[PDB]
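One structure below.
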Amino acid sequence: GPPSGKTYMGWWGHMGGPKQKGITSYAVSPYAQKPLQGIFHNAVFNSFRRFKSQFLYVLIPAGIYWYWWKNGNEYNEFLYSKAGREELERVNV
Amino acid sequence: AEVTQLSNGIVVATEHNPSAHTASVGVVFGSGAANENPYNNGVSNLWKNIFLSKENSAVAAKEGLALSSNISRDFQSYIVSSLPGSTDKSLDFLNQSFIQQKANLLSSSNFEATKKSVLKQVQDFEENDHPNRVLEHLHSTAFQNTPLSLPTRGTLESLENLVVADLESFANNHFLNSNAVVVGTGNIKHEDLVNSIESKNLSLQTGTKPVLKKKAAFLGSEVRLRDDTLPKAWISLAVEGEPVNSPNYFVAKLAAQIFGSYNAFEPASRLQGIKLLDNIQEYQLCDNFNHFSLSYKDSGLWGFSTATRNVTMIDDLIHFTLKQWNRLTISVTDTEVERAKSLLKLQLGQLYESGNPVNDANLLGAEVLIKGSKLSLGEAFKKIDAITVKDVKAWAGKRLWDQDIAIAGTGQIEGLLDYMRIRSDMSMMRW
Ligand SMILES: CCCCCCCCCCCCCCCCCC(=O)O[C@@H](COC(=O)CCCCCCCCCCCCCCC)COP(=O)(O)OC[C@H](O)CO
């Protein structure tokens, strides 16, 4: 319809990307491909690599917060198991 | 007139024609750019340029005779035109050039000069000629891993790789007696029939040409030589065609002729044709049409080539043409069949009976090598009057209905749908 305002992209043919020249692509007509043959092996290798690149980012924060929750709970058993009779006073006073 | 053929190793075929008065004689080999490994493609064109480098001075100075050559895929020929009374000296030069002497021609400095000239020519072709480059890339991407996709003039690295060893190997392995045929198109009758069968006129290497293992194939693919600096956009399509010596060649030719060609800037070409021309005339879409049916010994290529400037509507331009192909494969009117018959008769009579004997000799050699005898105009007309709407429908059902296609493009092809929206427009409608 009517032209729009300022934009960082357009439509097909005039998207607005950087000018480039010298790139060649290909394709193999997926009908004549027989696409998947080692799907289980591909999945195994991809999962291995993805886990290899992200060791600590999942193991560390969950571990530290499990430790924090464990500390809170164990303080609770030091208090809230037939023992509050002699520590609730010092907690609340 | 009718042609006469005989064969004792060498085949002598003549098409006598008193209408013309420029006798010609040459040699057509059955091996071209389709029988060479991709190690160094540029050998046949290198030989062609070698023949077109220094013997031109010899033929011009010694007597009156002009020589020319052309190699496309397997019609490698070296035609030597002449005057009607100079066929003897023409064959004398041919004999002195292609058996002995064959050493002074392959001089070193001459070889590097020819190599530089060929490198410059191929670089110029790659830089400038887009409409033929897209077709060459279509050939390259339609026959992947097969000696039918490599370009007919080679690549830069292929030309710069080898020097003399593989050239002489090609000469020894493909310039033989098995697949060599002489031609006598022009204004001669029977002297060619005898002069070729002579003690002095023999061809070296009376052996056999090596046979390839993987003959040919066809798989859909894409190539996108996207150079957005170029103003226009050149794209092409192709479907598995039909080789020569098949009882459907004329049917495919008529199917190609039905849609025909079109030029936007020519008023005559804008005022005829079929429904798709009106559909693309309503909203301007493209400038050129070229419906082709390329046929070689091993396989064929029936497709579509075009060039457009309205880069935004490439999808519409492709969609209309594919829908018209589907209309052809579902329902054809007899009036367009009759007009296609007449147009094909006109174009084939123009092509097979042009005034230049060089083209006639090339066609005669191409027919003789893989046929054994040329098919005259009358028989072609007889075989084309039998083409019917049912035959065209049955043929298009097998070839144009859910078959692999290959697209080659360059320029500004941002709007070109990659592979699925361009292939799923054949059998996914309300059939
Ligand atoms: C009160 C309803 C009355 C009928 C409604 C008709 C419209 C039905 C669809 C309703 C909205 C669905 C949302 C998506 C619609 C677009 C689908 C689309 O784009 O898919 C194809 C188009 O699908 C269609 O819609 C095509 C059929 C047109 C139908 C026209 C109206 C028919 C009305 C009869 C009833 C239809 C509904 C039946 C429901 C069971 C694309 O292929 P193409 O052929 O357009 O691409 C060609 C390309 O350029 C390359 O060649």
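Kindly check whether there is at least one residue in segment B:292-309 that is more than 30 Å from residue B:369 (Cβ to Cβ) and surrounded by 20 or more Cβ atoms within 10 Å (Cβ to Cβ). Can you show your working first?
Restricting attention to segment B:292-309, the residues satisfying the condition of being more than 30 Å from residue B:369 (Cβ to Cβ) are B:306-309.
Still in the list and also surrounded by 20 or more Cβ atoms within 10 Å (Cβ to Cβ): B:306, B:308.
For segment B:292-309, residues more than 30 Å from residue B:369 (Cβ to Cβ) and surrounded by 20 or more Cβ atoms within 10 Å (Cβ to Cβ): present.
Specify the residue that is farthest from the other protein chains (Cβ to nearest Cβ); the eligible residues are those in segment B:227-236 that are touching a strand residue (DSSP E or B) at 6+ places or on another chain (Cβ under 7 Å) and surrounded by fewer than 21 Cβ atoms within 10 Å (Cβ to Cβ).
Filtering segment B:227-236 down to residues touching a strand residue (DSSP E or B) at 6+ places or on another chain (Cβ under 7 Å) leaves B:227-230, B:232-236.
From the residues that got through so far, the ones that are surrounded by fewer than 21 Cβ atoms within 10 Å (Cβ to Cβ) too are B:227-230, B:232.
Values: B:227: 5, B:228: 6, B:229: 5, B:230: 9, B:232: 13 Å.
This residue is B:232.
Does residue B:138 meet the test of being within 14 Å of chain A (Cβ to nearest Cβ) and part of a helix (DSSP H, G or I)?
Working: within 14 Å of chain A (Cβ to nearest Cβ): yes; part of a helix (DSSP H, G or I): yes.
Yes: the conditions hold for residue B:138.
Evaluate segment A:30-51: report whether one residue or more is in contact with a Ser or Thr (Cβ under 7 Å, 6 or more places away or on another chain) and within 14 Å of chain B (Cβ to nearest Cβ).
Keep residues of segment A:30-51 that are in contact with a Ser or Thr (Cβ under 7 Å, 6 or more places away or on another chain), which gives none.
Checked segment A:30-51: no residue is in contact with a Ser or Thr (Cβ under 7 Å, 6 or more places away or on another chain) and within 14 Å of chain B (Cβ to nearest Cβ).
If the requirement is being of a type in the set (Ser, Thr, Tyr), in a helix (DSSP H, G or I) and in contact with a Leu (Cβ under 7 Å, 6 or more places away or on another chain), which of these qualifies: B:329, B:335, B:410? Break it down into steps so the answer makes sense when it comes.
On the way: B:335 fails: in contact with a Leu (Cβ under 7 Å, 6 or more places away or on another chain); B:410 fails: in a helix (DSSP H, G or I).
So the residue among B:329, B:335, B:410 that is of a type in the set (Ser, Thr, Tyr), in a helix (DSSP H, G or I) and in contact with a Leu (Cβ under 7 Å, 6 or more places away or on another chain) is B:329.
Residue by residue, here is whether (1) among the β-branched types (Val, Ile, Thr); (2) within 19 Å of residue B:341 (Cβ to Cβ); (3) within 16 Å of the ligand (Cβ to nearest atom); (4) not in a loop (DSSP other than H, G, I, E, B) holds:
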residue: B:367; (1), (2), (3), (4): no, no, no, yes
residue: B:378; (1), (2), (3), (4): no, yes, no, yes
residue: B:394; (1), (2), (3), (4): no, yes, no, yes
residue: B:414; (1), (2), (3), (4): no, no, no, no
residue: B:421; (1), (2), (3), (4): no, no, yes, yes
residue: B:429; (1), (2), (3), (4): no, no, yes, no
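So, in segment B:318-339, of the ones that are of a type in the set (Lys, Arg) and within 19 Å of residue B:303 (Cα to Cα), which residue ends up nearest to the ligand (Cβ to nearest atom)?
Within segment B:318-339, the subset of a type in the set (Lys, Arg) is B:323, B:327, B:339.
Within this subset, residues satisfying the condition of being within 19 Å of residue B:303 (Cα to Cα) are B:323, B:327.
Numbers: B:323: 6, B:327: 13 Å.
Filtering segment B:318-339 for residues that are of a type in the set (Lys, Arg) and within 19 Å of residue B:303 (Cα to Cα), the one nearest to the ligand (Cβ to nearest atom) comes out as B:323.
Going by the conditions given, is residue B:193 more than 14 Å from every other protein chain (Cβ to nearest Cβ) and closer than 21 Å to residue B:6 by Cβ? Working first, answer last.
On the way: more than 14 Å from every other protein chain (Cβ to nearest Cβ): yes; closer than 21 Å to residue B:6 by Cβ: yes.
So residue B:193 passes the test.
Rundown of residues vs (1) touching a residue at least 24 places away in the same chain (Cβ under 8 Å); (2) more than 14 Å from chain A (Cβ to nearest Cβ); (3) of a type in the set (A, V, I, L, M, F, W, C), yes/no style:
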{"residue": "B:341", "(1), (2), (3)": "yes, yes, no"}
{"residue": "B:348", "(1), (2), (3)": "yes, yes, yes"}
{"residue": "B:358", "(1), (2), (3)": "yes, yes, yes"}
{"residue": "B:365", "(1), (2), (3)": "yes, yes, no"}
{"residue": "B:386", "(1), (2), (3)": "no, yes, yes"}
{"residue": "B:419", "(1), (2), (3)": "yes, no, no"}
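Could you tell me how many of the residues in segment B:301-323 are of a type in the set (S, T, N, Q) and either under 20 Å from residue B:220 (Cβ atoms) or in contact with a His (Cβ under 6 Å, 6 or more places away or on another chain) (or both)? It would help to see each step written out before you state the result.
From segment B:301-323, those of a type in the set (S, T, N, Q) are B:305-306, B:308, B:310, B:312, B:321; that's our starting set.
Now restrict to residues that are either under 20 Å from residue B:220 (Cβ atoms) or in contact with a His (Cβ under 6 Å, 6 or more places away or on another chain) (or both): B:305-306, B:321.
So the count comes out to 3.
Return yes or no: is residue A:19 loosely packed, with under 10 Cβ neighbours inside 10 Å, at the interface with chain B (Cβ under 8 Å from one of its Cβ atoms) and part of a loop (DSSP other than H, G, I, E, B)?
Numbers: loosely packed, with under 10 Cβ neighbours inside 10 Å: yes; at the interface with chain B (Cβ under 8 Å from one of its Cβ atoms): yes; part of a loop (DSSP other than H, G, I, E, B): yes.
Against the criterion (loosely packed, with under 10 Cβ neighbours inside 10 Å, at the interface with chain B (Cβ under 8 Å from one of its Cβ atoms) and part of a loop (DSSP other than H, G, I, E, B)), residue A:19 qualifies.
Does residue B:27 satisfy being under 18 Å from residue B:79 (Cα atoms) and hydrophobic (A, V, I, L, M, F, W, C)? Give the derivation first.
Working: under 18 Å from residue B:79 (Cα atoms): yes; hydrophobic (A, V, I, L, M, F, W, C): yes.
Taking the combined requirement at face value, the residue satisfies it.
Specify the residue that is surrounded by the fewest Cβ atoms within 10 Å (Cβ to Cβ); the eligible residues are those in segment B:190-208 that are touching a residue at least 60 places away in the same chain (Cβ under 8 Å) and more than 29 Å from residue B:35 (Cα to Cα).
Residues of segment B:190-208 that are touching a residue at least 60 places away in the same chain (Cβ under 8 Å), as a first pass: B:190-193, B:195-197, B:200-204, B:206.
Checking the rest, the ones that are also more than 29 Å from residue B:35 (Cα to Cα) come to B:190-193, B:195, B:200.
Details: B:190: 11, B:191: 15, B:192: 23, B:193: 17, B:195: 21, B:200: 9.
Only one residue tops the list, namely B:200.
Pick out, from segment B:277-316, the strands (runs of 3 or more DSSP E) lying fully within it that include 1 or more residues that are within 14 Å of chain A (Cβ to nearest Cβ) and within 16 Å of the ligand (Cβ to nearest atom).
Where strands (runs of 3 or more DSSP E) fall fully within segment B:277-316 and carry at least 1 residues being within 14 Å of chain A (Cβ to nearest Cβ) and within 16 Å of the ligand (Cβ to nearest atom), they are B:300-308.
Can you tell me which residue is farthest from the ligand (Cβ to nearest atom) among those in segment B:398-412 that are more than 20 Å from residue A:24 (Cβ to Cβ) and in contact (Cβ under 8 Å) with a residue 60 or more places away in the chain?
If we filter segment B:398-412 for residues that are more than 20 Å from residue A:24 (Cβ to Cβ), which is where we start, we get B:398-404.
So of that shortlist, the ones also in contact (Cβ under 8 Å) with a residue 60 or more places away in the chain come out as B:399-401, B:403-404.
On the way: B:399: 19, B:400: 15, B:401: 15, B:403: 16, B:404: 17 Å.
Step by step, filter segment B:398-412, then rank; the result is B:399.
The numbers here are math on the coordinates, done by the rules we state, and not lab data. Here Cβ is always computed from backbone atoms with ideal geometry, including for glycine, and neighbour counts include all displayed protein chains.
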